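Participant: Could you have a look at this structure, given as C-alpha cells, before my questions?
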Amino acid sequence: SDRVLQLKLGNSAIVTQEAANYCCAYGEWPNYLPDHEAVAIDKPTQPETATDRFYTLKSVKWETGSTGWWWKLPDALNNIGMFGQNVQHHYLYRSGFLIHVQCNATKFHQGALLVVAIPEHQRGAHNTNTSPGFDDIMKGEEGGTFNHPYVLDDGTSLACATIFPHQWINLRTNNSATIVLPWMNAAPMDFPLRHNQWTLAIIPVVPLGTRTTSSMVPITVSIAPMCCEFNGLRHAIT
Amino acid sequence: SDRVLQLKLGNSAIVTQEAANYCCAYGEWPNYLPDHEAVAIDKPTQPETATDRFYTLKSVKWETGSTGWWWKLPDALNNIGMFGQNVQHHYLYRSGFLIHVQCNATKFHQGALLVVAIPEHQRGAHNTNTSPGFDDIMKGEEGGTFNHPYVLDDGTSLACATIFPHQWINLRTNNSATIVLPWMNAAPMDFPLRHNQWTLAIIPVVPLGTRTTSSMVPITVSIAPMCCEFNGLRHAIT
Amino acid sequence: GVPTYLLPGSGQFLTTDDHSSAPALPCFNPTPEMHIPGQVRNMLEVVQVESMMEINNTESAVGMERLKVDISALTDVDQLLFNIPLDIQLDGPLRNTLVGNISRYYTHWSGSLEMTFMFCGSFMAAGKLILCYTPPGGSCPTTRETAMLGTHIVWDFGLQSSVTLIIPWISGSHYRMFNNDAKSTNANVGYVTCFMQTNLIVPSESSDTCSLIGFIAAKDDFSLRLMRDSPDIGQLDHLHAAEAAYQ
Amino acid sequence: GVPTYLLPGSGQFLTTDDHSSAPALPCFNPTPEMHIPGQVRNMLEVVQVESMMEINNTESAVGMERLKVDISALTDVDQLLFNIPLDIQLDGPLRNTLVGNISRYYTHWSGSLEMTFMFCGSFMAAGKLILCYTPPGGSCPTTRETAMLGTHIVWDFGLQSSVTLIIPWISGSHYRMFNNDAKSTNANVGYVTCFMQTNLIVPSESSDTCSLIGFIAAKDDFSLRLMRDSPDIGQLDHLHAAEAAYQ
Amino acid sequence: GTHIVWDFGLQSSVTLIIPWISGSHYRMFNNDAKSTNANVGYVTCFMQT
Amino acid sequence: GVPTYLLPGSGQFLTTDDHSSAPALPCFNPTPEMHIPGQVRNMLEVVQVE
Amino acid sequence: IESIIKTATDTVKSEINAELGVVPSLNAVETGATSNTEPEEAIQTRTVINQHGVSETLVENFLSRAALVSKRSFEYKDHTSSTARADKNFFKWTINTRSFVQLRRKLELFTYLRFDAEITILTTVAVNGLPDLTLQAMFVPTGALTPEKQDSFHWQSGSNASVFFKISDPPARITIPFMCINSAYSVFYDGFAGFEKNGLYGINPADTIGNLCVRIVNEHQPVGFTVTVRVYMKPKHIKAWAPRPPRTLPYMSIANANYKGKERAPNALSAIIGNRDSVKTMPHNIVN
Amino acid sequence: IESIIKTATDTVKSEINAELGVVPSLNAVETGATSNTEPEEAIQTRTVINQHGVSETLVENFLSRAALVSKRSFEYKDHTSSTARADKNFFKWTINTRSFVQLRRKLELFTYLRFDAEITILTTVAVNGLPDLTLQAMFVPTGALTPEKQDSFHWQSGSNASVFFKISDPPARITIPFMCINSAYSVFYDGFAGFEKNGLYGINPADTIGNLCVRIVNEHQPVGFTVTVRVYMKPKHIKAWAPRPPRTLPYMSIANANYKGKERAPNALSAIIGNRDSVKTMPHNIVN
Amino acid sequence: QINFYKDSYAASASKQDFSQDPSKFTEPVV
Amino acid sequence: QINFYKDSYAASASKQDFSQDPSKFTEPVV
C-alpha cells in the first residue's frame with residue numbers, strides 16, 4: 001500500500017512504485033515562517049509554484065568503486081530555475097525541501113544506498129589543518145564525491161549517520177528514498193549563497209554488485225523546495 | 001496651516017508667515033515654580049508683562065565664511081530691559097524662554113540653520129588645558145561666534161546636536177525657528193550673573209549660497225523670557 | 001548557627017553585579033526629586049532621534065562640509081551622487097550619530113533604521129532623487145538600474161523638503177554583531193545609494209551646487225543588547241590635572 | 001547579623017554542582033526561542049535510533065567494508081557466519097553505534113537492546129538465517145545446535161528485508177558495569193551469533209556474495225546512569241590553532 | 001516545465017496531463033506551427049535514471 | 001547547608017554601619033530608665049536655641 | 001505619550017498604498033521633530049511579532065556598571081627621607097567621575113544625573129612575601145579637613161564615614177548616597193562656582209561628591225611595598241535628564257571640556273569620522 | 001507522540017503468539033524508521049515493573065558538567081626584556097568550546113545548542129612563598145577592542161563586565177547568557193561567515209561567545225611567577241536540537257572538523273573499531 | 001531584592017523602570 | 001532553587017524537563 005507514492009508539487013509530479021515510505025524529517029513538515037518567529041519585516045515573496053516543485057539534478061553513475069555523493073542545499077539549487085533566480089535576487093530565503101532520490105536496478109542487482117540528509121554538514125579535509133575552501137564546499141549543481149564516507153568527511157561516523165533524517169534505497173526492496181526536510185536553521189531565514197543548511201548525502205554502504213550484463217545504474221536526485229519565502233529584494237548576483 | 005504663527009507675550013508680539021512649528025522643549029511648557037518644588041521662602045516677584053515679552057537681540061550677519069553664533073541665556077538678557085533690572089536686583093530667577101530666531105532670504109538663496117538650544121553648554125577651549133575664562137563665556141548681549149561648531153566647541157558632535165531642542169531654518173522652506181524652553185536646571189532657581197542654563201546655538205550646516213546680487217542676510221534673535229520669578233531682593237550689581 | 005558554605009564566585013568583585021551595599025552616610029536625606037525636563041529612562045529614546053550623517057567623509061571636506069552632500073546639475077543621465085556605508089557598529093558615516101554612538105556601547109543590534117534627507121537648495125531649485133537601500137550580499141550598486149531593484153524611495157523637491165528612507169530590518173538573524181569584519185553575514189547591513197532620478201535643475205540666480213543634509217534615527221523596532229565599552233573614545237595617558245585631583 | 005559557620009565543602013569548586021551564579025551581562029535579553037526541528041530533551045532519544053554495527057571489524061575490510069557482512073553460498077551444513085561481541089561499554093562492534101557512543105559516556109546501563117539486520121542481496125536471492133542471542137556464562141557457540149538453545153529469531157528473505165533480534169535484558173543485577181574486564185559477571189552481556197538456517201541461494205545472474213547490514217538500537221526499557229567521560233576520544237597535545245585562539 | 005517522473009513496476013503507465021496553458025480561450029489552425037495562436041508546446045522524454 | 005557567597009564589602013569595618021553585634025555581658029539588666037529632664041532626641045532642638 | 005515599553009514594537013502587515021494627500025514619507029525636519037514615517041507607511045511589510053526586549057538599553061542598566069574612577073600606586077615604606085610631594089602612606093582623592101574616560105563619556109551623555117555611588121575600593125599590593133595590610137578609606141566631604149600624615153589624628157573618624165578593610169578581604173564596597181544640594185548632579189555646568197570672576201569654569205562643587213582619603217592603617221615595614229588602590233564607582237538608582245552628543249574628540253583634562261582631537265581622522269577636529277576616497281566610494285565593498 | 005517519561009518503561013508479560021499476518025519482528029529499515037518490535041512481540045516476557053530513572057540521560061544533566069575550556073600558564077614578572085609574543089601579564093582568549101575535546105565532542109553531538117555559559121575561572125600559581133594575586137577577567141565581545149598592556153586603560157571596564165578575583169578566594173564564577181544572535185548556537189556551520197570568498201569555513205561568529213581578557217591586577221614583583229589560569233564552562237538551561245554521530249577520529253584543529261585518524265585501529269580512518277581475526281572470531285571468549 | 005539595610009538608597013539597582021516617552025524627543029513640537 | 005539574582009538565565013540548571021519524544025527519531029516517517 002505504501003509502496004506507491006505520487007508527490008504533486010507545482011507543475012512537477014513524481015510517482016514511484018517501489019517506495020518504502022516518505023520521511024518527514026524530525027517529524028516536521030515544512031511551513032512558512034509564522035509571525036511570532038518572523039524577523040525580516042518586509043513582505044516576503046512566496047511564489048508557491050515557481051519554486052515549490054521538483055528540480056531534478058544531474059544523475060550520478062552508481063558504480064563499483066564509488067565512494068559517495070553529496071549535494072548541499074540550497075547550493076545544489078541556487079542556479080536552477082525560478083528557485084535560482086529568487087535566490088540571486090533576494091538576501092533571505094526560508095524553504096523546506098522534499099528530496100526524492102531515484103535509483104533503480106534489476107531484481108538481480110544488489111546494493112544499499114544510505115540516502116541521508118545531514119543538517120549543517122561542516123566538512124573536514126583529510127590530513128591537513130587547512131579548512132576546506134570555497135571550491136571544496138560550494139560545488140553547486142554537480143555536487144561532490146565523498147573522499148572518506150566511512151567517516152562522512154568530518155571525522156564522525158557513517159555507522160551513526162542514521163541519527164539524521166535518512167532512508168535506504170535497498171535495490172532488493174525499493175528504488176526511491178523520499179525525505180521531507182523542514183527549515184533547519186537557528187536563524188529563521190538565511191543568506192543562501194554563503195550557507196547551506198541541509199546536505200543530502202548518498203553513500204554506497206553495500207556496493208553495486210551483480211553477475212549479469214553491467215548496465216549503467218545511475219542515481220537521480222529530484223529536490224523540491226517547499227514553502228519558499230524570500231525577503232530582501234535587490235539586483236541579481238550569480 | 002502651521003506656517004503662520006503669532007506669539008503674543010506681554011506688549012510684544014511676533015507674527016511669522018513661513019514657520020515650521022514651535023518646539024516646546026522636551027515636551028515641556030514653562031511654568032512658575034510650584035509650592036512642592038519651591039525652595040526660597042520669600043514671595044517672588046512675578047512681573048508677568050515687564051519681562052514675559054520678546055527682547056530682540058542684535059542681528060548677526062549670516063555670511064559665507066561664518067562659523068556660527070551662540071547666546072547664553074540669561075546672559076544675553078541680563079542687561080536688557082526689565083528682565084535685566086530684575087536680574088540685577090534679585091539673587092534668584094526662574095524663567096523659561098521662548099526663542100524665536102528670525103532669518104529670511106529670497107527664494108533664490110540656499111542655506112540651513114541649526115537653531116539649537118543647548119542646556120548647560122560647558123564650552124571648551126581649543127588646544128590648551130586652561131579653562132575658558134569669564135570673558136570667553138559671559139559675552140553678554142553680543143553673543144559669541146563659534147570657533148569649531150563642527151564639535152560645538154566642547155569636543156562633542158554637531159552631528160548629534162539634534163538631541164537637544166532644535167529647529168531648522170532652511171531658507172528653502174521656512175524663515176523662523178521657534179523653541180519654547182522650560183526651566184532647565186537641577187536647582188529650582190539660580191544666580192543669573194554666574195550661571196547660564198540654556199545656550200541658544202545657531203550653526204551654518206549649509207552655508208549661505210546664491211548667484212544673485214549679494215544682499216546682507218542677517219540672523220535676528222528675539223528671546224522672550226517666560227514665567228519669570230525673582231527671589232532675594234537687594235541692591236543692583238551690574 | 002546557620003550551616004553555610006561558600007560557592008565558587010565568593011568574594012569576587014564582578015563589576016556588573018547588582019547587590020545592596022553598605023550605606024556610608026546613614027539616615028541620609030537626599031535632595032527631593034524635582035521635575036527636571038526631559039528624563040531619559042531608556043537609551044532607545046536617545047537613539048530614535050534624528051542626527052546628521054557624515055556622508056561626505058572625504059578629504060578636502062574640512063569640518064562642517066562633511067555633514068552636507070553637495071549635489072550639482074549633471075549633463076549625464078542617472079548618475080550616482082553618494083553611497084552610505086551602513087555599518088553602525090563600524091567606522092563610517094553612521095558612527096557619529098545618535099543611532100551610532102549609542103550602539104557602539106553595544107554589540108548586538110536589531111530593528112529598522114530611518115534615513116531622512118533634508119534638501120537645502122533654493123526654493124526655485126527643482127530636482128528628484130532616488131534613495132536605494134540595497135540589502136547586502138553583492139557589491140555596492142553603481143548604476144541606477146542595478147540599485148532601484150532594491151528598497152527605494154523617489155523624492156520630489158517641493159513644499160516638503162525631506163523624505164524618509166526607511167531601512168527595513170532585513171536580516172536572517174534576530175540581531176547583528178560587531179566583528180571588526182564589515183563583510184560578514186552576521187554584521188553587514190547593506191548599501192544605501194543615491195542617484196539622480198531626473199536631475200538637479202536650478203535657475204540662473206540660484207546656486208548650481210545645492211546641498212543635502214542626511215539624518216539617521218532608529219525606529220520603534222530598534223533594539224540593542226550585549227553592552228560593551230565604546231571604541232569611540234580612548235585614553236593613552238592620564239588626563240591633565242588628574243594628578244591635581246589627588247593633591 | 002546572621003550567625004553562620006562554614007561547612008566542610010566551603011569554597012570548593014565541584015564541577016557538577018548546580019547553583020545559581022552571578023550574571024555577567026545584567027538585564028540581558030536572550031534571542032527569542034524559535035521552534036527548531038528535532039529537539040533532544042533526553043539522550044535516550046538518541047540511543048533508541050538504529051545505527052550500523054561494525055560486525056566486520058577485521059583486517060582487509062578497509063573503511064566501509066566493515067559495516068557490511070559478506071555472506072556466501074555454502075556447501076557445508078549449518079555454518080557460522082558471524083558472531084558479535086555484545087560489550088557496549090568496551091571496544092567492539094557495538095562501540096561506534098548510537099547505543100554505544102552514548103553509553104560510553106556512562107558506566108552503568110540497563111534495558112533491552114535491539115539488533116536489526118538488513119539483507120542487501122538481490123531480489124532473486126533467497127535465504128534463511130538464525131540469529132541466536134546466547135546469554136553469557138559459557139563460550140561463544142560455534143555450532144548451531146549449541147546456539148539455537150538460546151534466544152533466537154529465524155529469518156526468511158522475502159518482501160520484508162529485516163528482522164529484529166531483540167536482545168532481552170537478562171541480568172541478575174539491575175544494571176551492568178564497565179570494568180575493563182569483558183569476562184565479568186557484572187559486565188558481560190552474552191553473545192549474538194548467526195548461522196545459516198538453510199543457505200544463501202542465488203541464481204546465475206545474482207552476485208554469489210550478498211551482504212548484511214547490522215543495526216543496533218536500544219529499546220524503551222533502556223537506561224543509563226553514572227556518567228563518565230568518553231574513552232572514545234583523547235587529547236595528547238593541544239589542538240592546532242588553539243594557541244591562535246589566544247593571539 | 002510541467003513533468004511526471006515514472007517508475008517501472010506493477011503499474012505500467014503514467015499520465016502526462018498536458019494542462020491547457022494558453023492565453024487565448026482556444027487555439028487555431030493556421031498552417032503556421034510557430035504561431036502564438038497555434039503552437040502548443042513540446043513534450044520531451046528523458047532518462048530519469 | 002545554605003549555599004552562600006561573600007559579596008564585595010565582606011569583612012570590612014565601616015564605621016557608620018548599623019548591625020547587631022555580640023553582647024559581651026549576656027542577660028545584663030541595665031539600670032532602669034529614669035525621667036531625666038531635658039531629653040534631646042534630635043540635634044535640631046539644640047540648634048533652634050538662641 | 002508616556003507608555004510602558006518592555007519589548008520592541010511589533011510590525012503590522014501593510015498592502016499597496018496609492019493615496020493622494022497622505023504622504024507619510026514626506027516629513028519636515030525644519031519642525032525639529034524626528035520623522036514619524038512607520039516602516040508600514042514607507043514599504044510593504046509583513047506581520048512581525050517583535051519579542052526583542054529593550055531592557056539592556058535602560059539608563060539604569062546603561063550606567064550601573066562599576067567603572068574605574070581612581071587609581072594610585074603609592075609607595076609604602078619609610079617616608080622620613082622622601083620628598084614632600086609623594087604619598088606618605090596616604091592619598092586624598094576628590095571623588096571625581098572625570099578622571100577615566102569610559103565612565104566619563106557615559107555620564108557626559110546626559111546633562112543632569114541623579115545617582116547613588118556604589119564605591120568599591122580594590123586595593124592591591126606589589127613588592128618593590130605580600131603583607132595583609134589593613135586600609136582605612138575615610139570619606140571626607142568637599143573642602144573639609146583632609147589629613148596631613150598617616151598617623152595624624154584626623155583618621156580617628158569621629159563623624160567621617162571611614163571604611164576599614166584588608167587586602168586579603170573582598171574589596172570594600174560602600175554606598176555613597178545622592179549627595180548633591182541640587183536635585184541632580186550637573187554633569188555640565190555652564191557657569192561659575194564663585195561670585196567673583198576667579199571661579200573655575202564648569203566645575204560645580206555640588207557635582208563633586210567629596211574627598212576619599214585613603215591610608216594604610218599599618219605602620220611602616222622594613223621593606224617597601226607599592227600599594228595600588230583602585231576605586232570603582234557604580235552609579236545606581238539612576239535618573240537621567242537631557243541627553244547630549246557623545247564626545248567624539250579625545251579628552252584633554254578632567255576640569256573642563258577642552259578639545260584638541262587626533263592628528264588625523266578618525267576622531268580628529270577637522271574630520272571626526274575616518275576619511276574615504278569620494279562620497280560615491282564604498283570602503284567595504286563586496287567584490288566577487 | 002510527545003510524553004513525559006521519568007522512568008524506563010515497564011515490560012508487560014506475553015504468551016505464545018502464533019498469528020498469521022502480524023509479523024512484528026519483520027520491519028523495514030528502508031523506511032528509515034527504527035524497528036518498533038517490542039520485546040513482548042519478539043520473545044516471551046514476564047511482567048517487569050521497571051523503576052530505572054532516565055534522569056541522568058537528560059541533555060541538561062548530560063552537558064551541565066563544568067568542563068575545561070581554557071588553560072594558560074603565563075609568566076608573571078618583568079616583561080620589559082621579554083619578546084613581543086608571550087603574555088605580558090595578560091592573555092586574551094576568544095571563548096571557544098573547541099579547544100578541549102571532552103566538552104567539544106559532547107557539544108558536537110548536537111547541531112544546535114541553546115545554553116547559558118557558567119564560566120568558572122580557576123587561577124592557580126607556581127613560583128619560577130606564593131602571592132595572593134588579584135586577577136581581572138574582563139569579558140570583551142567578539143572582535144571588540146582587546147587590551148595591549150597589563151596597565152592599559154582598556155581595563156577600566158566602563159561597560160565590559162569585568163570580574164575581579166583573587167587566588168586565595170574561591171574561583172570566580174560568572175554566568176554568560178545565551179549570547180547568539182540566532183535562536184541557538186550553530187555548533188556546526190555548513191557555510192561561510194563573510195560575503196566574500198575569503199571567509200573561514202565552519203566558524204560562525206554568532207557561535208562565538210566573545211573574548212575573555214584576563215590580566216593580573218597587581219604590578220610586577222621582583223621574583224617571577226608562573227600563573228596558570230584554568231577556565232571551566234558549564235552549559236546550563238540547555239535546549240539541544242538535531243543530534244549527530246559522535247566524532248570517532250581524533251581532532252586536528254579547533255577551527256574545523258579535519259580528520260587524520262590514528263595510525264592503527266581503534267579510531268583509525270580505515271578502521272574505527274579495533275580489529276579482530278575474523279567475523280566469526282569472538283575476542284573475549286569464556287573458555288573454561 | 002535583599003536589602004537588609006536601613007537606608008533606601010543602599011538597595012540594589014532599580015532595573016525595572018520600563019516607562020519611556022520618546023515623544024518628548026522624537027516629536028518635541030506642540 | 002535559590003536564585004537571588006535579577007536575571008532568569010542566572011538561575012541553576014533546569015534538570016526537570018522529562019518530556020521526551022523519541023518518535024521524531026525512531027519513527028520519523030509519515
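Ordering of the C-alpha cells sets the chain letters (A, B, ...), residue numbers begin anew at 1 in every chain, and ligands are numbered from 1 in the order given.
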Skip residue 93 (chain G) itself and residues of its chain fewer than 4 positions away, then list as a ChimeraX atom specification all residues within 7 Å of it, counting only C-alpha atoms.
Facilitator: /C:245-246 /G:211-213
Participant: Could the residues in this selection be written to a file with N, CA and C atoms, as a PDB file, in the first residue's frame?
Facilitator:
```pdb
ATOM      1  N   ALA C 245      43.825  66.228  41.048  1.00  0.00           N
ATOM      2  CA  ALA C 245      42.656  65.831  41.820  1.00  0.00           C
ATOM      3  C   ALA C 245      43.042  65.083  43.082  1.00  0.00           C
ATOM      4  N   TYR C 246      44.277  64.597  43.157  1.00  0.00           N
ATOM      5  CA  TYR C 246      44.778  63.937  44.350  1.00  0.00           C
ATOM      6  C   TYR C 246      45.542  64.878  45.265  1.00  0.00           C
TER       7      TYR C 246
ATOM      8  N   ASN G 211      35.878  64.151  49.233  1.00  0.00           N
ATOM      9  CA  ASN G 211      37.210  63.576  49.256  1.00  0.00           C
ATOM     10  C   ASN G 211      37.142  62.122  49.701  1.00  0.00           C
ATOM     11  N   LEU G 212      38.081  61.320  49.208  1.00  0.00           N
ATOM     12  CA  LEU G 212      38.206  59.922  49.619  1.00  0.00           C
ATOM     13  C   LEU G 212      39.636  59.749  50.106  1.00  0.00           C
ATOM     14  N   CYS G 213      39.854  60.055  51.378  1.00  0.00           N
ATOM     15  CA  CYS G 213      41.182  59.981  51.964  1.00  0.00           C
ATOM     16  C   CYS G 213      41.467  58.544  52.374  1.00  0.00           C
TER      17      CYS G 213
END
```
Participant: Which neighbours of residue 3 (chain J) fall inside 10 Å, counting only C-alpha atoms, when residues of the same chain fewer than 6 positions from it are skipped, and could you give them as a list in words?
Facilitator: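 Close residues of residue 3 (chain J): residues 19, 20, 21 and 22 of chain D; 9, 10, 11 and 12 of chain J.
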Participant: For the atom pair CA of residue 214 (chain H) and CA of residue 6 (chain C), what is the interatomic distance in Å to one decimal place?
Facilitator: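 Result for CA of residue 214 (chain H) versus CA of residue 6 (chain C): 23.2 Å, one decimal.
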Participant: Need the shell around residue 69 (chain D): protein/DNA/RNA residues with any atom at most 7 Å away, counting only C-alpha atoms. Skip same-chain ones fewer than 4 positions apart. Format as a ChimeraX atom specification?
Facilitator: /D:55-56,211-213
Participant: Please check the contacts: residues of chain C at most 7 Å away from chain F, using only C-alpha atoms, listed as a list in words.
Facilitator: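 Taking only C-alpha atoms into account, residues 3, 4, 5, 6, 7, 9, 10, 11, 12, 13, 22, 24, 25 and 26 of chain C sit within 7 Å of chain F.
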Participant: Output N, CA, C and O atoms of each residue in that selection to a file, as a short mmCIF file (atom, residue, chain, number, x, y, z; two decimals), in the first residue's frame.
Facilitator:
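What landed in selection_19.cif:
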```
data_model
loop_
_atom_site.label_atom_id
_atom_site.label_comp_id
_atom_site.auth_asym_id
_atom_site.auth_seq_id
_atom_site.Cartn_x
_atom_site.Cartn_y
_atom_site.Cartn_z
N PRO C 3 24.23 26.70 59.03
CA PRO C 3 25.30 25.99 58.31
C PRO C 3 25.40 26.45 56.87
O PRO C 3 24.54 26.14 56.04
N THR C 4 26.45 27.20 56.56
CA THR C 4 26.63 27.74 55.23
C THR C 4 27.90 27.17 54.61
O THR C 4 28.69 26.51 55.27
N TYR C 5 28.06 27.42 53.32
CA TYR C 5 29.28 27.10 52.60
C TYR C 5 29.45 28.06 51.43
O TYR C 5 28.48 28.45 50.77
N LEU C 6 30.69 28.45 51.17
CA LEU C 6 31.00 29.42 50.13
C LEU C 6 30.95 28.74 48.78
O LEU C 6 31.56 27.69 48.58
N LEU C 7 30.21 29.34 47.85
CA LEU C 7 30.17 28.85 46.48
C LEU C 7 31.41 29.31 45.74
O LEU C 7 32.15 30.17 46.21
N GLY C 9 32.79 31.73 43.16
CA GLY C 9 32.26 33.06 42.99
C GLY C 9 32.04 33.81 44.27
O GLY C 9 31.25 34.77 44.28
N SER C 10 32.68 33.41 45.35
CA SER C 10 32.54 34.08 46.63
C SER C 10 33.71 35.02 46.84
O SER C 10 34.87 34.64 46.65
N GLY C 11 33.41 36.26 47.24
CA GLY C 11 34.47 37.21 47.46
C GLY C 11 35.05 37.82 46.21
O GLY C 11 36.09 38.48 46.28
N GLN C 12 34.42 37.61 45.06
CA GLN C 12 34.88 38.19 43.82
C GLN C 12 34.07 39.42 43.47
O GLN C 12 32.86 39.46 43.67
N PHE C 13 34.76 40.44 42.97
CA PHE C 13 34.10 41.68 42.57
C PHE C 13 33.80 41.62 41.08
O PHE C 13 34.64 41.94 40.25
N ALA C 22 26.61 48.62 51.68
CA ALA C 22 26.53 49.30 52.96
C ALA C 22 26.48 50.81 52.76
O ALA C 22 27.33 51.36 52.06
N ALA C 24 27.25 54.55 53.38
CA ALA C 24 28.32 55.25 54.08
C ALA C 24 27.75 56.27 55.06
O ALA C 24 28.21 56.36 56.20
N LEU C 25 26.74 57.03 54.64
CA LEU C 25 26.14 58.08 55.45
C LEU C 25 24.76 57.62 55.89
O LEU C 25 23.79 57.75 55.13
N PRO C 26 24.60 57.09 57.10
CA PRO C 26 23.33 56.50 57.49
C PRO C 26 22.30 57.56 57.88
O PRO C 26 22.64 58.62 58.42
#
```
Participant: For residue 25 (chain E), please output as a list in words all residues within 12 Å (counting only C-alpha atoms; exclusion window: fewer than 3 positions along the same chain).
Facilitator: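 In the requested form, the answer reads residues 20, 21, 22, 28, 37 and 38 of chain E.
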Participant: Superposition of chain I onto chain J by least squares over all sequentially paired C-alpha atoms; the transformed chain is requested as a PDB file with C-alpha atoms, in the first residue's frame.
Facilitator:
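That gives us selection_4.pdb:
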```pdb
ATOM      1  CA  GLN I   1      16.309  26.638  43.772  1.00  0.00           C
ATOM      2  CA  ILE I   2      17.769  29.735  45.400  1.00  0.00           C
ATOM      3  CA  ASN I   3      18.293  32.372  42.649  1.00  0.00           C
ATOM      4  CA  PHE I   4      18.730  35.714  44.408  1.00  0.00           C
ATOM      5  CA  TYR I   5      19.635  37.392  41.104  1.00  0.00           C
ATOM      6  CA  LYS I   6      17.545  39.601  38.860  1.00  0.00           C
ATOM      7  CA  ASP I   7      18.155  37.537  35.704  1.00  0.00           C
ATOM      8  CA  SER I   8      16.335  34.325  34.854  1.00  0.00           C
ATOM      9  CA  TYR I   9      19.311  32.907  32.975  1.00  0.00           C
ATOM     10  CA  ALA I  10      21.438  33.258  36.112  1.00  0.00           C
ATOM     11  CA  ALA I  11      19.489  30.513  37.899  1.00  0.00           C
ATOM     12  CA  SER I  12      20.547  26.924  38.462  1.00  0.00           C
ATOM     13  CA  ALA I  13      20.307  24.266  35.767  1.00  0.00           C
ATOM     14  CA  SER I  14      16.755  23.209  34.907  1.00  0.00           C
ATOM     15  CA  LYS I  15      17.154  19.462  35.365  1.00  0.00           C
ATOM     16  CA  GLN I  16      13.406  18.803  35.336  1.00  0.00           C
ATOM     17  CA  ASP I  17      12.335  18.595  31.677  1.00  0.00           C
ATOM     18  CA  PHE I  18      11.329  14.934  31.442  1.00  0.00           C
ATOM     19  CA  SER I  19       9.234  15.402  28.304  1.00  0.00           C
ATOM     20  CA  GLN I  20      10.785  13.324  25.554  1.00  0.00           C
ATOM     21  CA  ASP I  21       9.586  12.408  22.062  1.00  0.00           C
ATOM     22  CA  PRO I  22      11.670   9.583  20.558  1.00  0.00           C
ATOM     23  CA  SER I  23       9.084   9.108  17.807  1.00  0.00           C
ATOM     24  CA  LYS I  24      10.540  12.048  15.893  1.00  0.00           C
ATOM     25  CA  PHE I  25      13.713   9.939  15.659  1.00  0.00           C
ATOM     26  CA  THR I  26      12.760   6.268  15.899  1.00  0.00           C
ATOM     27  CA  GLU I  27       9.618   6.700  13.760  1.00  0.00           C
ATOM     28  CA  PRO I  28      10.334   9.822  11.666  1.00  0.00           C
ATOM     29  CA  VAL I  29       8.118   8.545   8.822  1.00  0.00           C
ATOM     30  CA  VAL I  30       4.719   9.986   7.947  1.00  0.00           C
TER      31      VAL I  30
END
```
Participant: Write out as a Markdown table the residues of chain D that have any atom within 9 Å of an atom of chain A, one row each with the nearest atom pair and its distance in Å to one decimal, counting only C-alpha atoms, sorted by chain and then rising number.
Facilitator:
```
| residue | atom | partner | partner_atom | distance |
| --- | --- | --- | --- | --- |
| D:32 | CA | A:37 | CA | 8.2 |
| D:33 | CA | A:37 | CA | 8.4 |
| D:34 | CA | A:37 | CA | 6.1 |
| D:35 | CA | A:37 | CA | 8.1 |
| D:36 | CA | A:184 | CA | 6.5 |
| D:37 | CA | A:26 | CA | 6.2 |
| D:38 | CA | A:26 | CA | 4.9 |
| D:39 | CA | A:26 | CA | 8.5 |
| D:46 | CA | A:163 | CA | 7.1 |
| D:49 | CA | A:163 | CA | 6.3 |
| D:50 | CA | A:162 | CA | 6.6 |
| D:51 | CA | A:160 | CA | 4.9 |
| D:52 | CA | A:159 | CA | 4.5 |
| D:53 | CA | A:159 | CA | 6.7 |
| D:54 | CA | A:159 | CA | 7.7 |
| D:63 | CA | A:150 | CA | 5.7 |
| D:64 | CA | A:150 | CA | 5.3 |
| D:65 | CA | A:205 | CA | 7.8 |
| D:67 | CA | A:205 | CA | 7.1 |
| D:68 | CA | A:206 | CA | 6.8 |
| D:96 | CA | A:159 | CA | 6.7 |
| D:97 | CA | A:160 | CA | 5.5 |
| D:98 | CA | A:160 | CA | 5.8 |
| D:118 | CA | A:170 | CA | 8.9 |
| D:119 | CA | A:172 | CA | 8.4 |
| D:120 | CA | A:111 | CA | 5.8 |
| D:121 | CA | A:110 | CA | 4.9 |
| D:122 | CA | A:110 | CA | 4.6 |
| D:123 | CA | A:172 | CA | 4.5 |
| D:124 | CA | A:108 | CA | 6.0 |
| D:125 | CA | A:108 | CA | 7.9 |
| D:158 | CA | A:173 | CA | 8.9 |
| D:159 | CA | A:173 | CA | 6.8 |
| D:160 | CA | A:173 | CA | 7.6 |
| D:161 | CA | A:173 | CA | 7.1 |
| D:202 | CA | A:108 | CA | 9.0 |
| D:203 | CA | A:108 | CA | 8.4 |
| D:204 | CA | A:211 | CA | 7.2 |
| D:205 | CA | A:211 | CA | 4.7 |
| D:206 | CA | A:108 | CA | 4.7 |
| D:207 | CA | A:210 | CA | 4.6 |
| D:208 | CA | A:211 | CA | 8.2 |
| D:209 | CA | A:209 | CA | 8.8 |
| D:210 | CA | A:110 | CA | 7.5 |
| D:211 | CA | A:206 | CA | 6.9 |
| D:212 | CA | A:206 | CA | 8.4 |
| D:213 | CA | A:206 | CA | 8.0 |
| D:215 | CA | A:159 | CA | 8.6 |
| D:240 | CA | A:129 | CA | 7.1 |
| D:241 | CA | A:129 | CA | 8.7 |
```
Participant: Work out how far CA of residue 161 (chain H) is from CA of residue 118 (chain H), in Å to one decimal.
Facilitator: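 Computing the Euclidean distance for CA of residue 118 (chain H) and CA of residue 161 (chain H) yields 14.1 Å.
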Participant: Would you please extract all helix (DSSP H, G or I) residues from chain F, as assigned by DSSP on the backbone, and give them as a ChimeraX atom specification?
Facilitator: /F:44-47
Participant: Can I get the selected residues back with N, CA and C atoms, as a PDB file, in the first residue's frame?
Facilitator:
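Output below, filename again.pdb:
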```
ATOM      1  N   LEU F  44      18.463  69.211  66.078  1.00  0.00           N
ATOM      2  CA  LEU F  44      17.860  70.480  65.713  1.00  0.00           C
ATOM      3  C   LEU F  44      17.096  71.122  66.861  1.00  0.00           C
ATOM      4  N   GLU F  45      16.843  70.400  67.954  1.00  0.00           N
ATOM      5  CA  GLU F  45      16.403  71.057  69.178  1.00  0.00           C
ATOM      6  C   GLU F  45      17.491  71.972  69.721  1.00  0.00           C
ATOM      7  N   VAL F  46      18.744  71.524  69.650  1.00  0.00           N
ATOM      8  CA  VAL F  46      19.865  72.290  70.177  1.00  0.00           C
ATOM      9  C   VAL F  46      20.141  73.499  69.296  1.00  0.00           C
ATOM     10  N   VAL F  47      19.901  73.359  67.994  1.00  0.00           N
ATOM     11  CA  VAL F  47      20.237  74.403  67.037  1.00  0.00           C
ATOM     12  C   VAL F  47      19.263  75.571  67.132  1.00  0.00           C
TER      13      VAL F  47
END
```
